[PDB]
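**Q** I have a structure here, written as structure tokens, and I will follow up with some questions on it.
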Amino acid sequence: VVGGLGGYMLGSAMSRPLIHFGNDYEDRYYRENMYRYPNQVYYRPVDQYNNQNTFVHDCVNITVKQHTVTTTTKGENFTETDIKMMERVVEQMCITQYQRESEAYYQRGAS
């Protein structure tokens, strides 16, 4: 059924970054509703990427879209504004989760 991913690696749940988007008007607006977005991110292992600019843009498609292909049948959907807010956060979350593993792949004693 849900043949979009195939079987990507699902990251840990996190607290989300709050973000301004455009200002502290939207910051609270986002936090008031933020439950509809993911707590984690979908991507492959870091062992199967080359640069964040391709990782994150994919991660930001895939995670959103796997949230979409769950809510889309409910009568929920997302507005293009909610896709915008989601992709905003999900970009940061992708970058956060990868950064964990990116340094875990290495971790010489980076200072």
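First residue shown is number 1, and so on along the chain.
Cβ atoms are placed via backbone N, Cα and C, with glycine included.
Sharing the record's features from Swiss-Prot:
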DISULFID  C59-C94  disulfide bond
CARBOHYD  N61  N-linked glycosylation site
CARBOHYD  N77  N-linked glycosylation site
LIPID     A110  GPI-anchor amidated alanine
**Q** Measuring Cα to Cα, how far is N61 (N-linked glycosylation site) from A110 (GPI-anchor amidated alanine) in Å?
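**A** A Cα-Cα distance of 31 Å.
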**Q** Residues with Cβ closer than 8 Å to the Cβ of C94 (disulfide bond), same chain and 6+ apart in sequence?
**A** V41, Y43, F55, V56, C59, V60, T63
**Q** On the three-state reduction of DSSP, what should I expect for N77 (N-linked glycosylation site)?
**A** coil
**Q** What whole-number Å value do you get for the CA-CA distance of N77 (N-linked glycosylation site) and the residue listed as 'GPI-anchor amidated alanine'?
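**A** Cα of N77 (N-linked glycosylation site) to Cα of the residue listed as 'GPI-anchor amidated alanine' measures 43 Å after rounding.
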**Q** Using Cβ-Cβ distances, find the residues under 8 Å from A110 (GPI-anchor amidated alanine) that belong to the same chain and are at least 6 apart in sequence, listing them in sequence order.
**A** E103
**Q** Which one of the glycosylation sites (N61, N77) has its C-beta surrounded by the most other C-beta atoms within 10 angstroms?
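**A** That would be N61, with the highest Cβ count within 10 Å.
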**Q** Let me check the 10 A CB neighbour count of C59 (disulfide bond). How many other CB atoms are there?
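**A** The answer is 25 other Cβ atoms.
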